[PDB]
Amino acid sequence: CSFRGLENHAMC
Amino acid sequence: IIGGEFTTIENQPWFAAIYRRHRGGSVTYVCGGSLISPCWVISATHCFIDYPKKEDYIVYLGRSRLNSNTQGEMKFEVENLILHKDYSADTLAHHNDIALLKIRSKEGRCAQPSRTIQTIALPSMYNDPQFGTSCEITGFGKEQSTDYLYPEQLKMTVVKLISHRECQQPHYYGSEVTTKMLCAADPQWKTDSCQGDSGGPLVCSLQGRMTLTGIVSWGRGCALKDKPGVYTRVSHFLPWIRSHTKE
């Protein structure tokens, strides 16, 4: 969730 | 952007700043994008896949600062949010990580080119710079992996393209990287894109023209040894872009 690829993701 | 330098929108006038409005009314930054025609911004599907409703988003052009207005900026609603139907997510490594936002102001207008608002050229099909070429990346993403805040001022840096041969090595990313992706990194791993840079431009000079070679997509951490940034390879998606920009 701190990586590029997971921006604006519900699980984060 | 880890390392690199502060900049303003005049140095990347196709850069689009994409925000989401919450229940609430509170607006948060989502991702970067690139203006490829007056009415079209290109970005990454992963930025939107969990909240695919067009009405949730605000796009700015001509903006140099994250949470303050830039003189001359333009604000847009998203008339259409187009995600790639073959998008797929591993635990890291997104396939077909490419999206189109059709932009329209409250007055029903698209982007008006100015000193701070310009389009970026798409590459020719299957025409990319040779590995080792220096390219630029731009965004509002974290300056350190451990940061809580995004920088208030736009940043850019330079990274070098890495061959699929080198990136597919087990001690790099192995099978996670495909020929529809481009790896890019600093030789000392000291500068990179990071969280919040997703969707933004990887720009290379190709036959003397500034070209949207890549879209920030994914990576393990930021500015880590043997862990490059991974970018959607725009030159492998021209038919998808061509068809969907007619919508």
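Anything in segment B:83-103 that is surrounded by 17 or more Cβ atoms within 10 Å (Cβ to Cβ), farther than 15 Å from A:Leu6 by Cβ and charged (D, E, K, R)? List them, or say none.
B:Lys102
Return the total of residues in segment B:1-54 being within 14 Å of chain A (Cβ to nearest Cβ), under 20 Å from B:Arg65 (Cα atoms) and of a type in the set (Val, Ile, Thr).
Number satisfying all stated conditions: 6.
Applying the selection to segment B:193-217, what residues are at positive phi and out of contact with any helix residue (DSSP H, G or I) (no Cβ under 7 Å at 6 or more places or on another chain)? Please lay out each step first, then the result.
Filtering segment B:193-217 down to residues at positive phi leaves B:196, B:199, B:207-208.
Listed by number, the residues that qualify are B:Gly196, B:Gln207, B:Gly208.
Write out, first by first residue and then by second, each pair whose Cβ atoms fall under 6 Å of each other, whose residues are 6+ apart or on separate chains, and whose first residue, in segment B:23-43, is without any contact (Cβ under 8 Å) to a residue 40 or more places away in the chain while the second is among the hydroxyl-bearing types (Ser, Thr, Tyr).
Final answer for the pair search is B:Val27/B:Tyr19.
I'm checking my understanding of the structure. Among residues of segment B:33-75 that are of a type in the set (D, E, K, R) and farther than 17 Å from B:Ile9 by Cα, which one is surrounded by the most Cβ atoms within 10 Å (Cβ to Cβ)?
By that ranking, first place goes to B:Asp56.
Would you please list the contacts, defined by Cβ atoms under 6 Å and residues six or more apart or on different chains, that run from a residue in segment B:136-162 that is closer than 20 Å to B:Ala44 by Cβ and free of Cβ contacts under 8 Å to residues at least 60 places away in the same chain to a residue that is aromatic (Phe, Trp, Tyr) and surrounded by fewer than 20 Cβ atoms within 10 Å (Cβ to Cβ)?
From residues that are closer than 20 Å to B:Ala44 by Cβ and free of Cβ contacts under 8 Å to residues at least 60 places away in the same chain, the pairs are B:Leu161/B:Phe131.
Output the residue which, of all residues in segment B:203-226 that are basic (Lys, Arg) and in contact with a strand residue (DSSP E or B) (Cβ under 8 Å, 6 or more places away or on another chain), is nearest to the other protein chains (Cβ to nearest Cβ).
We begin by selecting, within segment B:203-226, every residue basic (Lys, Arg); these are B:209, B:220, B:225.
After this cut, where a residue has to be in contact with a strand residue (DSSP E or B) (Cβ under 8 Å, 6 or more places away or on another chain) as well, the list is B:209, B:220.
Numbers: B:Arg209: 27, B:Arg220: 7 Å.
Here the answer is B:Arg220.
Quick check: is even one residue across segment B:158-175 surrounded by fewer than 24 Cβ atoms within 10 Å (Cβ to Cβ), within 14 Å of chain A (Cβ to nearest Cβ) and of a type in the set (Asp, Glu)?
Looking for residues that are surrounded by fewer than 24 Cβ atoms within 10 Å (Cβ to Cβ), within 14 Å of chain A (Cβ to nearest Cβ) and of a type in the set (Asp, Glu), one finds none in segment B:158-175, hence no.
Mind checking which strands (runs of 3 or more DSSP E) fall wholly inside segment B:177-247 and carry at least 3 residues that are over 18 Å from B:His95 (Cα atoms)? First the steps, then the outcome.
Numbers: elements: B:181-185, B:201-206, B:209-218, B:229-233.
Strands (runs of 3 or more DSSP E) meeting the threshold: B:201-206, B:209-218.
I need the full set of residues from segment B:1-52 which are charged (D, E, K, R) and outside any strand (DSSP E or B), in order please. Working first, answer last.
First, the residues of segment B:1-52 that are charged (D, E, K, R): B:5, B:10, B:20-21, B:23, B:50.
Selection gives B:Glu10, B:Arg23, B:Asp50.
Residue check: is B:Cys135 in contact with a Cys (Cβ under 9 Å, 6 or more places away or on another chain) and assigned to a strand (DSSP E or B)? Walk me through it before giving the result.
On the way: in contact with a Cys (Cβ under 9 Å, 6 or more places away or on another chain): yes; assigned to a strand (DSSP E or B): yes.
For B:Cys135, the condition - in contact with a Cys (Cβ under 9 Å, 6 or more places away or on another chain) and assigned to a strand (DSSP E or B) - is met.
Does B:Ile49 satisfy being touching a strand residue (DSSP E or B) at 6+ places or on another chain (Cβ under 7 Å) and farther than 26 Å from B:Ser175 by Cα? Quick ask: steps written out before the conclusion?
Working: touching a strand residue (DSSP E or B) at 6+ places or on another chain (Cβ under 7 Å): yes; farther than 26 Å from B:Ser175 by Cα: no.
No, not satisfied.
Quick one: is B:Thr191 more than 11 Å from chain A (Cβ to nearest Cβ), touching a strand residue (DSSP E or B) at 6+ places or on another chain (Cβ under 8 Å), farther than 27 Å from B:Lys85 by Cβ and of a type in the set (S, T, N, Q)?
Details: more than 11 Å from chain A (Cβ to nearest Cβ): yes; touching a strand residue (DSSP E or B) at 6+ places or on another chain (Cβ under 8 Å): yes; farther than 27 Å from B:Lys85 by Cβ: yes; of a type in the set (S, T, N, Q): yes.
So B:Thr191 passes the test.
For B:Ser114, only one of the following conditions fails: (1) in contact with a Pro (Cβ under 9 Å, 6 or more places away or on another chain); (2) under 21 Å from B:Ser43 (Cα atoms); (3) hydroxyl-bearing (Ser, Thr, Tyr). What is its number?
(2) is the only condition that B:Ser114 fails.
When we count neighbours, we look across all protein chains shown, and the Cβ atoms used for this are built from the backbone with ideal geometry, even at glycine. Every number in this text was worked out from the coordinates using simple rules, so none of it is lab data.
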